[PDB]
2 protein chains.
Amino acid sequence: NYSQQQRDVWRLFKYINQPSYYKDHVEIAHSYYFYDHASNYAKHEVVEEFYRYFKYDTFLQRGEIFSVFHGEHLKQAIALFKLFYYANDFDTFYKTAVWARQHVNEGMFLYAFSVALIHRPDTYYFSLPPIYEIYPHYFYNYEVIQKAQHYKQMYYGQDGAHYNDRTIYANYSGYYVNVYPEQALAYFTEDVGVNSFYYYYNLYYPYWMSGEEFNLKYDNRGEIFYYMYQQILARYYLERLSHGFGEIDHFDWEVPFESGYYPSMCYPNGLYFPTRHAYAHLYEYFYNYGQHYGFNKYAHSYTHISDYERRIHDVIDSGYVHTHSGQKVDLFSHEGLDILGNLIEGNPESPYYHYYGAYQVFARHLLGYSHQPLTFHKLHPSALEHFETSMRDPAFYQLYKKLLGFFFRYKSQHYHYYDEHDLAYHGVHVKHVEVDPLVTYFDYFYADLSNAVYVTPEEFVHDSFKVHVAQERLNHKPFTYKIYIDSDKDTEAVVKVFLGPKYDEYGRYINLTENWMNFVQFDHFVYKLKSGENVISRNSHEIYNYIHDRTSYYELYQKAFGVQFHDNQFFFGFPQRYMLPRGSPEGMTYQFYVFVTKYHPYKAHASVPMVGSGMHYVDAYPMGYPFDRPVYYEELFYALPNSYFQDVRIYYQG
Amino acid sequence: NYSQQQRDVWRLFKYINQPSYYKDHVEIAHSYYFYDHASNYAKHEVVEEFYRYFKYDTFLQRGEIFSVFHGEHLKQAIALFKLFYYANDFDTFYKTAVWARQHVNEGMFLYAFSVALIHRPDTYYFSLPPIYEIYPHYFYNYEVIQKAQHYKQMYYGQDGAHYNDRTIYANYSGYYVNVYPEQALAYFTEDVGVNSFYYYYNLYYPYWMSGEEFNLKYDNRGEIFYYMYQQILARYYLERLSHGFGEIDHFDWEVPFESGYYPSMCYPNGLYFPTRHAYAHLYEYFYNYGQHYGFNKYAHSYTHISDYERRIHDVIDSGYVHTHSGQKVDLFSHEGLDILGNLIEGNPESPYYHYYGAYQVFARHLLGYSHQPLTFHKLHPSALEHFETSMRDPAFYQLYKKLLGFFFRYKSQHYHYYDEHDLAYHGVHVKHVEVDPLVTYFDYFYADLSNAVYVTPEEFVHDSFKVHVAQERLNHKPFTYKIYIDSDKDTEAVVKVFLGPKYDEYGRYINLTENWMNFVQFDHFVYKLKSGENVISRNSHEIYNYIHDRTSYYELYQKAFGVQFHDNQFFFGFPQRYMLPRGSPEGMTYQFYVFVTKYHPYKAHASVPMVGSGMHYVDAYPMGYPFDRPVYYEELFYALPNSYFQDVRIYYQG
C-alpha cells in the first residue's frame, strides 16, 4: 500500500555507505537486470545510455566521491535519474532502485533516486528521510563522525548500555579552531535545516533539468532561481545584522579572495574536505600551481567565469539575447526575468547554453579552491561543489550576491518603478498591526547519527546500534500577529507580509531605496475580506510560506508524516525554528511590511500538487511583488492605504 | 628480570590512545600516588612541580593534542620526564609510568616516558616498540586509519576470518590528490623509517635538555646538531638527484613561501592536520589574519625569527658571543662549532638563550602556517611542530638548509682550508676500490597497525584484533665493497667512506668546492693495517655508521632484540633499506670517497654505552672530517695517496 511503499522507500536509505544487507534487497539486486528486460522502461534510449556508462569502464565505482558539479558525474547521475524516472510502473522503479542501491555509487544513487522521487508522478508525495541523517558526513564535523565510530568500535558485547544509544554533543565550526570571523555565523550557515533547505530546493529544481521535458518551465524556474537566491541572501543579511555583521562582502575576481574557509567535515573514505586559505589568488596560474591538468576544462574556470560574466553583462545591458539561430530575442517581454534566470543559471532552458554556459558551476569550482582531479575517479571536491554543504561557505553567499547584482542591474535599467496606482488597492486600509513579542532562544536538537558508522549484518537488520547528535539550534517562542483591515466591500485579497531590517549594524536608518532587497517574505496567504472592519489572526505554526510559496504544503504532511515539527522535505521548507532571525538581549530591531492586493490567481498548469504543475503559488503577481524592483519613492510605499510598516524588536534569551 | 622488564616496557605502549585495561596497570594507577610518597624520587622539587601542574588546572587533559614545540606543553612534558628520570629505583619508575599512562595525556606521557627510557641509567638499553606502530596517526594517511577503523567496526562475531588480520595497502601522499611536485619524494620523506630516525634522534638529544644536567655536553651536541642536520640534507639531496630534482629551494622570509604542504594525516580526536597552501604569505598580518591571539608569543613568530636570524648572523660574522655577563666569548676556540650549534639550536647550553632564543621553534611555528591556538588546551599544530612528522614537510628541509647556511658561513669565514699535510697519512695508499653493483628496488613492508583502532577490554587483553599495513619501501640488494690499502708498517687507521653526487640533475659535473657538503657518511670504521698490501671487506649488513657514528650499536641489538632487520631505536638508526639512494633504470651516477687516517680516539667520558657518555664515536677528528669545512682545492683531495674517489651507478629495478 501507500504506507508500505513509504516504509520501503525509507528502508532504501538505511546505511547508504554500506551495501544493503536486507535479504529482499540482496535478492532483488542479484536477480534483477534492467538491461535484460529493457522493456519495462518507457524509453530504450535511457537504458541503453545507462548500460553504456555502466559496462565500458566509464562508471563511478562504489567508494568514490561524487560531485554533481563535475561534468561526467552529472551525466551519469542524469542517466540514472532518467532510468529511475521512466519506469513504466512503480514495481520496476523499485527493482531498479534496489539494484542501484546495491551496485551503483552511493552519492550518485542517492542523488538520482531523490530527484526521481520528488519528480516522479507516482512518488511525488513520498516523504524522504532527512538528508542530514542519511548522509551525515556532509552535515557534521569529523569530530562527531569519528566519535560515533569510536562508540561503534567499543560497542561489542561487553559494557552493555554503554557506548550505545549515546548522545554526541556537537559544536559548530569555530569552537576549537579560531577560524575566520565570517564563520562566526556557523549555527546558521552550518545548521542542518538550512542546508537541507538548499539541498531540497536543488532536488526540486535541478540546474540541469529541462523545463520542456520535466515540466519545470510551468514554474518559470528563472523567477524561482532569482527569488530563492535573493531570499536566502536577505535572510543571511538579517542574521548578520543580528550578530553585528554588515553587508555581504563584495569581491573582485581579479583581487585575492580575502575570505578563507576551513571546513571540519570529512568524506566517508577518510578524505578531509578542501580548505580555502585567506587571501587566495584565483588566477589560473595561482589556483593551478603545481598541478597536472592539461585536459580539465575546470582548470580554466577563471577564464570561463570571466567570459560568462561578460556575456551576462552584455545581455543585461542590451536586453537582447543570442540564440542558436544567432537572432535577436527580446528580453523585455513579460517573462524577461524568467529568460534572464534561465540564461544565468545555465539550465537546458537557457537561450544558448553554449554561449552563456553554467556560470555558477565554474564559479563554485574556482571559489572552492581545491586540487583539480587527477582523474574522473579520483576527485576532491569542496563544500561549494555540493548542494548539501554550499551554504556553509561564505564564498557561497558572496558568489550569489555577485550573481544577483546582475538581476538588480537588469531590473534597474529595464523596469519602471511602481507608482501609487500600481500598488494601490482602493477601498482597503491596513489600520494597525499587532505582533506578539518575538523571542528567539537556543535549544538542543536530536538527530539520528547512526548512519555514520559501519554496522554488521545483524546490526543492520535489527538497527541495534543507536548514536544521537545533540546540537544547539535557534528556536523562537510561538507568536501570533494580528492584521486589521478596513475594507469597503466583500473582496478577495492577497496578504503579503515581509520581514526586513530597519537599522544596519551601525544604527543608521536604511531607506527603502537601499532596503527593498533585504525584505524576507514572512507570510503570503489569501484572506476573504468583508465590508467594514476585519481582523486577521495568524499563528506561528500556521506559516508555511516563508521565503517561498507553498500552498499545497501540509496536505502532504497530513498524509505522509500525518500518517509534529518533523523535517518535511516537502517542497523546499525553511526550518520553522529559523523563521525569526536571532535577536539581542536588548533586542535587534527590524520591521514588518504588510501588503494587501486583489486576487490574481496563478496560471496553474494542473490541479495535482507537483513540481512543474504550477500549483505552488498563491497569486500571479511577480515574486516579492512590492519589492521585486528598485524603489524610487519610499514615501510612496508609506502612503499606500493598503500597506503598513510595523516595527518589532526580536529578543534573544540565553 | 631484564627480559620481564623489557616485556613490561613494551606492554606500557599498547593502545596508547586508550586507558590501559590490564588489571595490573589499573590497580597500580588507582592505588599508587607519587605525591603521597614523595620520598622515592631523588628530588622533591620535581614532584612538587609536577603536582602543581597536575592539580591546579594547569595540566593537559587526556584527548588533547600535544606538541613539544608549544611552551607549556614542553614545560609539562619536561616536568613529567624529570619525575620519571629521578626515580631512585626502577620499581618507583614503573609505578609512576603506569600511573601516568592511565592518567596523564597520551602524547605527553609517550614523549616523557620515551625520553626517560633512553636517558635513564637503568633503562638505557631497553628496546622500544616502533613509534610508527605505537602512535600510527602520525605516520599514515587518514585513509588508512579510517579503513582500519572500518574493519574494527565490522569485526563483531559474524564474518569470522574476515575484517580481521587484514592487510591495508597504503599509498603515499600523491596517489589520490595532485599535490605540489615537491611532495613527489613521498616514499622517502614520508617513509616510516626516516621519520622514526628523526624522532629517535630528537629523543636522544632533545632541544630542551641541558648538557650539564643530563651529560649531553660530553657529546658536544652542537657538532651533533650540525652534522645530523647536514647529513639529513645531503641524503635528501641525493634522493632529489635520483628523481631528477635539483638543489633544495632557497626561500626568503619576506617573499611568499612558494611551496605548499597538504598532509593527509589526522589526529586521533578526528582533527585533520593543518594545510599550508602554495605561495603562503608569512607576515604577521597575513598568517594571523582573522585570528584572536593577543597574548600568544607565537603569533609574532615572524619578528622573533627575524631577530634571531639577525643575532645569529651577527655572532657568526663577529665570532664573538653575548652572554648573560654581556662579556666577549671567543667563538674561535677548538669547540667553536659546538658553541655555535648550542647557540643556534637553543638548548639550555646556549650562550644566552634569552638573546639568541629557539630559532627553530619559531621557524617551525611560522612555516607550519596553522591557526594559533585559542587556548592552551585547544591546539592545532602542523607537521613541522612534531618530531614524528617534520621530515614529511618540504619546508622542513628548506628551513634547515637556511639554518645550515649559517654554519657554512661560519666555517667559510673562520676556518682555514685543509692543505695536503693536514689530510696526509704518510705511508698509506688506497690502490683501488671495488664496489659490487648497487641495486635498489621496492618491496612491501608490513607493520602492525592495530594500535589505531579502539579495542574492547577483552580484545585489549587478548589482542584479538589484528590489522596490518603494507607499504612499498625502497630496498637494495646486499652488496660488499672492497678497499685495498698498501701500508708501510702495522699502523692502526680509521677508514671513512663517503657517498656523494658526481653529476647534478642537468648532467653537469660538480666540483668538490661546491660538492663537499653533499657527501653522506656511508661507513666509518677502524681497521688495524699491516705492513704491505691489505684488503678490507665490508658487507652491507655490517654497516651501522650511516650518517652517524654508532660504535656501541649491535651490542644492544644482540641483547634486547638479540634475545633480523628489526626497527632498532638504538642510538639514531638510519633504515638499512634506505642507505642507497634510489637509482635509475639507466643508473644514476654517484661517487664514493674513501679516506684513511691515523687513530685519534675520542674523549670518551665513560665506558658504559649511554647518551652523554661519549662512547658513540669512532675517532676524535671533526665530524665529516675531510669535508667538515669548505674545500679550496679539489685536486688536493684527489692527489692525497690516502684518499680515493670511485664512481658507482646505482640501478633502480621495478
# chains A, B, ... in the order shown; residues from 1 in each chain; ligands from 1

$ interface_residues --of "chain A" --to "chain B" --cutoff "8 Å" --atoms "only C-alpha atoms" --output "PyMOL selection string"
chain A and resi 142-147+149-150+152-156+158+176-181+264+269-272+275+277-278+286+289-292+371-374+378-380+453-457

$ residues_around --residues "stretch 300-314 of chain B" --least-positions-apart "3" --cutoff "10 Å" --atoms "only C-alpha atoms" --output "count of residues only"
41

$ residues_around --residues "residue B:71" --least-positions-apart "4" --cutoff "10 Å" --atoms "only C-alpha atoms" --output "list in words"
residues 67, 75, 76, 77, 297, 298, 361 and 376 of chain B

$ residues_around --residues "stretch 88-96 of chain B" --least-positions-apart "5" --cutoff "7 Å" --atoms "only C-alpha atoms" --output "list in words"
residues 28, 32, 34, 40, 41 and 42 of chain B

$ write_last_selection --atoms "N, CA and C atoms" --output "mmCIF file, in the first residue's frame"
data_model
loop_
_atom_site.group_PDB
_atom_site.id
_atom_site.type_symbol
_atom_site.label_atom_id
_atom_site.label_comp_id
_atom_site.auth_asym_id
_atom_site.auth_seq_id
_atom_site.Cartn_x
_atom_site.Cartn_y
_atom_site.Cartn_z
ATOM 1 N N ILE B 28 47.723 -0.564 39.762
ATOM 2 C CA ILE B 28 48.862 0.285 40.092
ATOM 3 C C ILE B 28 48.481 1.754 39.973
ATOM 4 N N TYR B 32 48.506 3.715 43.428
ATOM 5 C CA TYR B 32 49.728 4.487 43.587
ATOM 6 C C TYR B 32 49.423 5.977 43.689
ATOM 7 N N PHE B 34 52.166 9.298 43.555
ATOM 8 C CA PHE B 34 53.538 9.794 43.592
ATOM 9 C C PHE B 34 53.702 10.891 44.638
ATOM 10 N N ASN B 40 60.501 8.588 47.235
ATOM 11 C CA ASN B 40 61.187 7.641 46.367
ATOM 12 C C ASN B 40 61.866 8.308 45.178
ATOM 13 N N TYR B 41 61.662 9.605 44.977
ATOM 14 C CA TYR B 41 62.323 10.348 43.915
ATOM 15 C C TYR B 41 63.496 11.130 44.493
ATOM 16 N N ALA B 42 64.595 11.176 43.740
ATOM 17 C CA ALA B 42 65.820 11.783 44.247
ATOM 18 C C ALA B 42 65.638 13.247 44.619
#

$ atom_distance --atom1 "atom CA of residue A:209" --atom2 "atom CA of residue A:299"
25.1 Å

$ closest_residue --among "B:500, B:654, B:532, B:601" --to "residue B:238" --atoms "only C-alpha atoms"
B:500

$ decode --residues "stretch 415-474 of chain B" --atoms "C-alpha atoms" --output "mmCIF file, in the first residue's frame"
data_model
loop_
_atom_site.group_PDB
_atom_site.id
_atom_site.type_symbol
_atom_site.label_atom_id
_atom_site.label_comp_id
_atom_site.auth_asym_id
_atom_site.auth_seq_id
_atom_site.Cartn_x
_atom_site.Cartn_y
_atom_site.Cartn_z
ATOM 1 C CA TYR B 415 88.179 28.029 9.209
ATOM 2 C CA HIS B 416 91.349 27.593 7.153
ATOM 3 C CA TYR B 417 91.047 25.213 4.214
ATOM 4 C CA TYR B 418 92.856 21.918 4.700
ATOM 5 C CA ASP B 419 96.226 21.533 2.993
ATOM 6 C CA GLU B 420 97.992 18.418 1.718
ATOM 7 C CA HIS B 421 99.788 17.825 5.020
ATOM 8 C CA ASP B 422 96.707 18.082 7.248
ATOM 9 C CA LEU B 423 94.902 15.340 5.316
ATOM 10 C CA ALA B 424 98.094 13.396 4.575
ATOM 11 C CA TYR B 425 98.536 9.898 6.016
ATOM 12 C CA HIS B 426 102.150 9.153 5.144
ATOM 13 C CA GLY B 427 102.860 5.544 4.222
ATOM 14 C CA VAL B 428 99.248 4.711 3.296
ATOM 15 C CA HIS B 429 97.947 4.407 -0.268
ATOM 16 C CA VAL B 430 94.426 3.432 -1.351
ATOM 17 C CA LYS B 431 95.204 1.493 -4.524
ATOM 18 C CA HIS B 432 91.684 0.940 -5.864
ATOM 19 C CA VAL B 433 88.137 0.385 -4.612
ATOM 20 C CA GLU B 434 85.749 -2.311 -5.850
ATOM 21 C CA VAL B 435 82.036 -1.967 -5.055
ATOM 22 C CA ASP B 436 79.518 -4.604 -6.086
ATOM 23 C CA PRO B 437 76.672 -3.488 -8.382
ATOM 24 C CA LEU B 438 74.445 -1.265 -6.250
ATOM 25 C CA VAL B 439 70.803 -2.107 -6.989
ATOM 26 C CA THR B 440 67.754 -0.529 -5.346
ATOM 27 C CA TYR B 441 64.208 -1.858 -5.633
ATOM 28 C CA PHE B 442 60.849 -1.617 -3.880
ATOM 29 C CA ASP B 443 59.327 -4.239 -1.590
ATOM 30 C CA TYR B 444 56.346 -4.378 0.744
ATOM 31 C CA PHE B 445 56.871 -3.656 4.441
ATOM 32 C CA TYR B 446 54.319 -4.947 6.952
ATOM 33 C CA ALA B 447 53.712 -3.024 10.176
ATOM 34 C CA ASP B 448 51.270 -3.746 12.995
ATOM 35 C CA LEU B 449 48.622 -1.044 12.527
ATOM 36 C CA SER B 450 46.283 -2.420 15.209
ATOM 37 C CA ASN B 451 47.059 0.457 17.584
ATOM 38 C CA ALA B 452 44.921 2.868 15.513
ATOM 39 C CA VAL B 453 41.569 1.292 16.471
ATOM 40 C CA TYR B 454 39.574 1.217 19.704
ATOM 41 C CA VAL B 455 39.506 -2.238 21.299
ATOM 42 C CA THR B 456 37.199 -3.603 23.970
ATOM 43 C CA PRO B 457 38.718 -4.740 27.285
ATOM 44 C CA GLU B 458 38.700 -8.406 26.259
ATOM 45 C CA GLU B 459 40.177 -7.513 22.868
ATOM 46 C CA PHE B 460 42.742 -5.323 24.627
ATOM 47 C CA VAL B 461 43.754 -8.133 26.985
ATOM 48 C CA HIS B 462 43.912 -10.781 24.241
ATOM 49 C CA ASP B 463 44.870 -8.579 21.257
ATOM 50 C CA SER B 464 42.217 -10.410 19.248
ATOM 51 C CA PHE B 465 42.002 -7.778 16.506
ATOM 52 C CA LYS B 466 44.914 -7.600 14.061
ATOM 53 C CA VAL B 467 45.229 -5.217 11.106
ATOM 54 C CA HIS B 468 48.443 -4.734 9.127
ATOM 55 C CA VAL B 469 49.537 -2.025 6.706
ATOM 56 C CA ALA B 470 51.663 -2.853 3.658
ATOM 57 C CA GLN B 471 53.828 -0.143 2.112
ATOM 58 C CA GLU B 472 56.290 -0.142 -0.780
ATOM 59 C CA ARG B 473 59.614 0.735 0.856
ATOM 60 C CA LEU B 474 62.864 1.162 -1.044
#
